[PDB]
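K.L.:
The structure's right below; bear with me while I get my questions together.
What follows draws every value from the coordinates through simple rules; no lab data is involved. No Cβ is skipped: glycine too gets one built from the backbone with ideal geometry, and neighbour counts run over all protein chains shown.
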Amino acid sequence: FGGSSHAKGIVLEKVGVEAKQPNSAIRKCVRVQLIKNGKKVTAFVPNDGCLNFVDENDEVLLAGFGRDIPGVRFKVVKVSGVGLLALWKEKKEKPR
Amino acid sequence: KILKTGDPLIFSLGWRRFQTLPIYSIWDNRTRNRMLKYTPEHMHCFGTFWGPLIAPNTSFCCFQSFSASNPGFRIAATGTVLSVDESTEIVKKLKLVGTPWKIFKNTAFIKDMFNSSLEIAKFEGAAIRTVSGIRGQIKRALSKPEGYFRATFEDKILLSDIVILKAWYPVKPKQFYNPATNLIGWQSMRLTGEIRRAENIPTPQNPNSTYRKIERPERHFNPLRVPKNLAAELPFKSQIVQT
Amino acid sequence: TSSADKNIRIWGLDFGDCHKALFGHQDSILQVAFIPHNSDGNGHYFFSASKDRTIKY
Amino acid sequence: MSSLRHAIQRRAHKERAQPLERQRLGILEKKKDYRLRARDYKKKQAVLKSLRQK
Amino acid sequence: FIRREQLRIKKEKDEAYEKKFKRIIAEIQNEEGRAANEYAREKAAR
Amino acid sequence: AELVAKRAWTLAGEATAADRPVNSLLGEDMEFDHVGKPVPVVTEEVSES
Amino acid sequence: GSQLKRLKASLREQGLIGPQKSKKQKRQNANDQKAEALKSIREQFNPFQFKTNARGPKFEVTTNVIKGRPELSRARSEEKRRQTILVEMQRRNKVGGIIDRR
Amino acid sequence: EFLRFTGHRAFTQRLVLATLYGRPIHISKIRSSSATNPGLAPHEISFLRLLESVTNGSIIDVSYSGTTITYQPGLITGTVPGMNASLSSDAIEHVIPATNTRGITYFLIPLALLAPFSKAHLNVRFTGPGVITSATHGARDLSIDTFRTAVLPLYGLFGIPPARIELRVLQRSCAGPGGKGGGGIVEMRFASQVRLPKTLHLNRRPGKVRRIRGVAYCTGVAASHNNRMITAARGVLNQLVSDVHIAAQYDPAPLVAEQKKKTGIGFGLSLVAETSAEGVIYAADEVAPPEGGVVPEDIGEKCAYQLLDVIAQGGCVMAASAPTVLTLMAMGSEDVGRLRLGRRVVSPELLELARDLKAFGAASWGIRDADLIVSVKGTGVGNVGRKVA
Amino acid sequence: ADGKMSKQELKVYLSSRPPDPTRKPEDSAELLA
RNA sequence: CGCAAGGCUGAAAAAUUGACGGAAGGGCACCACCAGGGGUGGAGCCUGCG
């Protein structure tokens, strides 16, 4: 995207919130809308229990995903200014 | 402390502070909204209470007791309002537990589960299960001992086994609502530990429920027992030689 | 309404919906006639005469 | 993955025992002991079916 | 009667779920792979 | 008093036949899985078809 | 007799299956009922729709034989279950209703 | 029990605003004057049944005389598979009885303006003997075609997109014997549930009425009826517009139960004039009398005269769809939205809607000149229950 | 009569979807192959 | 995406080969005759079917 390394976005809708199996990639993927350009791209939350911190209409930083749905390119790094792995590790509370 | 379902909790949500008693329920694997009995450590569970309605995606805080003599960290739970409804669909597992009475090759008679043939006729065709993993089906009510039935299993079950039927009984939350009118004064409903320590009743503990170490002997089976007519009829190159 | 296609039609004359097309004669039905008086309680009965030597009430 | 799970994610789930009012009937057969029982019976029936064919 | 009703409802519900999520995963994979291949083409030309 | 009192047999997870009253299953509304296909009863539309 | 033979004889009596009549025979028929009898034929020659005993009555009393319709009874009972039990299974958790006192 | 209303005027508007605002109402003295048939009408009690069916937790209580009801509303769930139906894609059946004189748009307009504020989808299926899909003489109800392509684009203006609205008829019917009866079944599927409707702005002049498209329908009569109606309507509107195009639709007859009968024999026409500017459309309808037998060219001239009347009269929205757009404007966010009504458009039903909103708790309306601009302040309620995932 | 609209205008008006307002053998090589 | 997807309309034939029989003569049948045997049906119990 763009010319930058990380993009910001709005979480439109957590697609695959009603998927059955817990660590499905359709369960982990989230449709976000990038601020700078306006397009809706899909991004992976790194973990299914870590999906619960991503709420609707939250400013979300996302980066590339460099390594079950092959081709979803982005991963959610920060949510509302706090790092998502820190939220998952219970280091910080999310400012809302 | 962990925080139990049924025990009251002071929610700060909207402009309202209100003490209500919630029901903690996990969304099992996105199928049935199964009722938990405690909140999970380090995990978001769903809660459900009877309070004022708020438009969703509204964050909230949640305390246990507005006391200054708490030695540490008065705020208990956080989160966000998911949705609002009337008549929620919370569901708790109820297992009807029985015992085998007579065991044939597949059909076993199962005794200490039901009380009458009316109850068995209601639960006809139900998916019964052994603790070991053997599936089975309730087939027919049994006449002469009232309350027993015939259930055809997958393979042969043992007399030591326990035969369970996993039904889902719905649980409705209670409709309690304290306002936390602090400037006027208010009665604060206590927790179950404070109630037990005050009115002197011990916590219920089942010795069959407390986990133990299981001494498993190494399973050795009997040798093969060939019948006499087959052992006398099979040919010379494969005849059994036993001194 | 008696036609040459060997049937008669009954229309309702508000909206002109066919009540029932009824094939009743073996040849092309020449004429039809209602009885005019409903003094006898039967004013919605009608005769039909056709080329197959028949009248039908 | 395996680094995206806590120690409480890794913690083992204990096995319940036979109830003490029913401990005289033997051990409570769970999936492992049932697998041993089923393996031995399928093996003995395979040998007996081959002997009946012969 | 409850057996027949519950089995009909379970078949219809499982078929509807399988159809809906096959559509969702196919559309997500299609859009994301299209944008990824377009970016790989625009990156290999540099 | 309700929170300190004993749980009902429906709220205990394992209800054997000694806990509850006699025909207490008929008053409950539970869901559970069945096994196998039921046999289709022959109805008049089936015989007509 | 056979069911085939008695069916053919009853339809020849009702004139549904007989020989191809000439126009003169049709003139005689138009010179000189059958649905009411065809209903009885289609009920009598399909006897498995309704449940009957074979022995007849045990003790003959004279005072002035279809004993039940299992197909119609099963369809009626299934309609009753569609109207009560399936409706309650749909409205498991449905609170409030219109309180019609009139 | 708390809020108090009187009279039988704008009954469905009062119940729907009570459901949407959550304010419990009590409507007294329905038919005090009528000695022959006092109390609730059959279409009114069937709308009460439909409201109980699609909501959840609502308690409706009709009195012994039938002349006072009270109504404590609940949440608009829709067709959830645990409470209302068995599957999420299953249509909730609603039967309305044979003694029903009002059209089905009398049920559809409150349901369509109560449907974007629901939790799940709405999949209502109106069957039964008394389901007339036509216009009525009645209280001059809209037809299904008039309702669809005249008022659902207004939801398209508000941001409830008509890509997901599925209103489909499976049989069509007029009244039949007298005003009572029907037979034609419909199903409406709202799958587009919004949080808050957009604050729209209808302010620019909708000057050039570009085209006229319409639907002439015949159920139970000959199919030359709509051709004669099209020639009459074109003979009136060809003085004014080069492109008037009216579809012809014909259905054989619907059958109701008594042993079934064929009912609903009639024919009607429904014109829609589309203005080139924006989502501005003027509609008019005319149906045959259910016993009369009038000329189809008379009906075509009558509907063309009504269409030219509404084109002469209306500022931006006609008075048939003005209560719907005004109550959605009131349901929107806490900003002002500006509608351009004509001075001839203002009606006692519109004025009664204003009185009901002021009684319920919405803000008043600001009326200024430009036809007059009415400006409505939203209350910011939206829908209460929606699973924010 | 000229009321017969078109298949496209029938598709927008008389369908179940309501109309939204926001729309307006040369050579021998090929022959041998 | 395009076609399918426009209502003289409104529920309940074929035959030179076909339709139905009759009379005579055969074959078979514990759903026939013949010779016997055995149930059920009388009292009580109860699955099931209505």
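K.L.:
Which of the numbered conditions does H:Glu297 fail, given that it passes all the others? Conditions: (1) within 14 Å of chain I (Cβ to nearest Cβ); (2) away from RNA strand J (no atom under 16 Å from the Cβ); (3) not in a helix (DSSP H, G or I).
P.N.:
Failing condition for H:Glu297: (3).
K.L.:
For the range H:140-185, which positions are within 15 Å of the chain's Cα centre (by Cα) and more than 10 Å from chain I (Cβ to nearest Cβ)?
P.N.:
Those that are within 15 Å of the chain's Cα centre (by Cα) and more than 10 Å from chain I (Cβ to nearest Cβ): H:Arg140, H:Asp141, H:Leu142, H:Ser143, H:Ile144, H:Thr146.
K.L.:
If you go through the range B:55-87 one residue at a time, how many are more than 14 Å from chain H (Cβ to nearest Cβ) and β-branched (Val, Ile, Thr)?
P.N.:
Going through the range B:55-87 one residue at a time, the tally reaches 2.
K.L.:
Further question on the same structure: Tell me, which residue of the range C:1-50 that is within 14 Å of chain H (Cβ to nearest Cβ) and of a type in the set (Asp, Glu) is nearest to the chain's Cα centre (by Cα)?
P.N.:
Looking at the filtered set, the residue picked out is C:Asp17.
K.L.:
Of everything in the range G:2-31 that's within 9 Å of RNA strand J (Cβ to nearest atom) and not charged (D, E, K, R), which residue is farthest from G:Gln44 (Cα to Cα)?
P.N.:
Among residues in the range G:2-31 that are within 9 Å of RNA strand J (Cβ to nearest atom) and not charged (D, E, K, R), the one farthest from G:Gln44 (Cα to Cα) is G:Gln20.
K.L.:
Does B:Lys93 satisfy being within 16 Å of RNA strand J (Cβ to nearest atom), under 24 Å from F:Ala8 (Cβ atoms) and of a type outside the set (A, V, I, L, M, F, W, C)? Show your work before the answer.
P.N.:
Details: within 16 Å of RNA strand J (Cβ to nearest atom): no; under 24 Å from F:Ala8 (Cβ atoms): yes; of a type outside the set (A, V, I, L, M, F, W, C): yes.
No; evaluated as a whole, the condition is false for this residue.
K.L.:
Name the single residue that is farthest from the other protein chains (Cβ to nearest Cβ) among those in the range B:88-142 being of a type in the set (A, V, I, L, M) and in a loop (DSSP other than H, G, I, E, B).
P.N.:
Restricting attention to the range B:88-142, the residues satisfying the condition of being of a type in the set (A, V, I, L, M) are B:90-91, B:94, B:96-97, B:103, B:108, B:110, B:113, B:118, B:120-121, B:126-128, B:131, B:134, B:138, B:141-142.
Those left that are additionally in a loop (DSSP other than H, G, I, E, B): B:90, B:113, B:131, B:134, B:142.
On the way: B:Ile90: 10, B:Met113: 6, B:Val131: 6, B:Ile134: 7, B:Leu142: 13 Å.
Top of the filtered list is B:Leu142.
K.L.:
Which condition does H:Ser46 not pass, out of (1) more than 14 Å from chain B (Cβ to nearest Cβ); (2) surrounded by fewer than 22 Cβ atoms within 10 Å (Cβ to Cβ); (3) of a type in the set (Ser, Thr, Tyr), if it passes all the others?
P.N.:
(2)
K.L.:
Pull out all pairs, ordered by first then second residue, where Cβ-Cβ is under 6 Å, the residues are six or more apart or on different chains, the first lies in the range G:1-20 and is under 19 Å from G:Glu36 (Cβ atoms), and the second is within 10 Å of RNA strand J (Cβ to nearest atom) and in a loop (DSSP other than H, G, I, E, B).
P.N.:
G:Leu11/G:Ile17; G:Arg12/G:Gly18
K.L.:
Hey, among the residues in the range G:42-78 that are assigned to a helix (DSSP H, G or I) and more than 15 Å from RNA strand J (Cβ to nearest atom), which one's nearest to the other protein chains (Cβ to nearest Cβ)?
P.N.:
Of everything passing the filter in the range G:42-78, G:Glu43 is nearest to the other protein chains (Cβ to nearest Cβ).
K.L.:
Among (1) within 16 Å of RNA strand J (Cβ to nearest atom); (2) surrounded by fewer than 23 Cβ atoms within 10 Å (Cβ to Cβ); (3) not aliphatic (A, V, I, L, M), where does H:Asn203 come up short?
P.N.:
With (1) within 16 Å of RNA strand J (Cβ to nearest atom); (2) surrounded by fewer than 23 Cβ atoms within 10 Å (Cβ to Cβ); (3) not aliphatic (A, V, I, L, M) applied to H:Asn203, the lone miss is (1).
K.L.:
A follow-up question, please. Condition first: assigned to a loop (DSSP other than H, G, I, E, B), within 14 Å of RNA strand J (Cβ to nearest atom) and within 7 Å of chain H (Cβ to nearest Cβ). Now tell me which residues in the range I:3-18 satisfy that.
P.N.:
Of everything in the range I:3-18, those that are assigned to a loop (DSSP other than H, G, I, E, B), within 14 Å of RNA strand J (Cβ to nearest atom) and within 7 Å of chain H (Cβ to nearest Cβ) turn out to be I:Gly3, I:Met5, I:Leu14, I:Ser16, I:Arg17.
K.L.:
Given the conditions (1) touching a helix residue (DSSP H, G or I) at 6+ places or on another chain (Cβ under 8 Å); (2) farther than 30 Å from G:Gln83 by Cα, which single one is not true for E:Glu32?
P.N.:
(1)
K.L.:
Could you check the range H:153-236 for strands (runs of 3 or more DSSP E) lying wholly inside it with 3 or more residues that are under 30 Å from H:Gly266 (Cβ atoms) and basic (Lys, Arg)? Show your work before the answer.
P.N.:
Working: elements: H:165-169, H:186-190, H:209-219.
Hits in the range H:153-236: none.
K.L.:
Going by the conditions given, is B:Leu158 under 17 Å from D:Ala38 (Cα atoms) and over 23 Å from the mean Cα position of the chain (by Cα)?
P.N.:
yes
K.L.:
Among the numbered conditions (1) of a type in the set (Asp, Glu); (2) surrounded by 12 or more Cβ atoms within 10 Å (Cβ to Cβ); (3) farther than 30 Å from B:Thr99 by Cα, tell me where B:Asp155 comes up short.
P.N.:
Of the numbered conditions (1) of a type in the set (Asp, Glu); (2) surrounded by 12 or more Cβ atoms within 10 Å (Cβ to Cβ); (3) farther than 30 Å from B:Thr99 by Cα, the odd one out for B:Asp155 is (3).
K.L.:
So, in the range C:9-44, exactly how many residues are away from RNA strand J (no atom under 14 Å from the Cβ) and among the acidic types (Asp, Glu)?
P.N.:
Of the residues in that region, 2 qualify.
K.L.:
Tally the residues that are of a type outside the set (D, E, K, R), closer than 14 Å to H:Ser89 by Cα and either loosely packed, with under 11 Cβ neighbours inside 10 Å or within 10 Å of chain A (Cβ to nearest Cβ) (or both), restricting the search to the range E:1-45.
P.N.:
1
K.L.:
I'm told G:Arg82 meets every condition in (1) surrounded by 10 or more Cβ atoms within 10 Å (Cβ to Cβ); (2) in a helix (DSSP H, G or I); (3) within 16 Å of RNA strand J (Cβ to nearest atom) except one. Can you identify the failing condition by its number?
P.N.:
(3)
K.L.:
Now a separate question. Among the residues of the range B:55-72, is any exposed (fewer than 15 other Cβ atoms within 10 Å of the Cβ) and in contact with an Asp or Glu (Cβ under 8 Å, 6 or more places away or on another chain)?
P.N.:
no
K.L.:
For residues that are within 13 Å of chain I (Cβ to nearest Cβ), near RNA strand J (Cβ under 7 Å from one of its atoms) and of a type in the set (A, V, I, L, M), tally how many sit in the range H:222-273.
P.N.:
Number of matching residues: 3.
K.L.:
Of the residues that sit in the range H:281-294 and are under 19 Å from H:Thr133 (Cβ atoms) and surrounded by fewer than 23 Cβ atoms within 10 Å (Cβ to Cβ), which one is farthest from the other protein chains (Cβ to nearest Cβ)?
P.N.:
Restricting to residues being under 19 Å from H:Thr133 (Cβ atoms) and surrounded by fewer than 23 Cβ atoms within 10 Å (Cβ to Cβ), the top hit is H:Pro289.
K.L.:
Which members of the range G:40-71 meet the condition of being under 29 Å from G:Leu16 (Cα atoms), of a type outside the set (S, T, N, Q) and surrounded by 10 or more Cβ atoms within 10 Å (Cβ to Cβ)? Steps first, please.
P.N.:
Our first condition is that a residue be under 29 Å from G:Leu16 (Cα atoms); within the range G:40-71, this holds for G:40-52, G:65-66, G:69, G:71.
With the extra rule that they be of a type outside the set (S, T, N, Q), the set shrinks to G:41-43, G:45, G:47-48, G:50-51, G:65-66, G:69, G:71.
Within the range G:40-71, G:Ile41, G:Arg42, G:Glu43, G:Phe45, G:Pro47, G:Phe50, G:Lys51, G:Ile66, G:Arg69, G:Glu71 qualify.
K.L.:
State all residues of the range B:154-182 that are assigned to a loop (DSSP other than H, G, I, E, B) and polar (S, T, N, Q); if no residue qualifies, say none.
P.N.:
Scanning the range B:154-182 gives B:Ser160, B:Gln175, B:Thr181, B:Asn182.
K.L.:
Still on this structure: Yes or no: G:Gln20 away from chain F (no Cβ under 14 Å) and under 30 Å from C:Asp52 (Cα atoms)?
P.N.:
Yes; evaluated as a whole, the condition is true for this residue.
Results for (1) basic (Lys, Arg); (2) in a helix (DSSP H, G or I); (3) within 7 Å of another protein chain (Cβ to nearest Cβ), shown as yes or no for each residue.
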| site | (1), (2), (3) |
| --- | --- |
| D:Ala12 | no, no, no |
| D:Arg22 | yes, yes, no |
| D:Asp33 | no, yes, yes |
| D:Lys42 | yes, yes, no |
| D:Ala46 | no, yes, no |
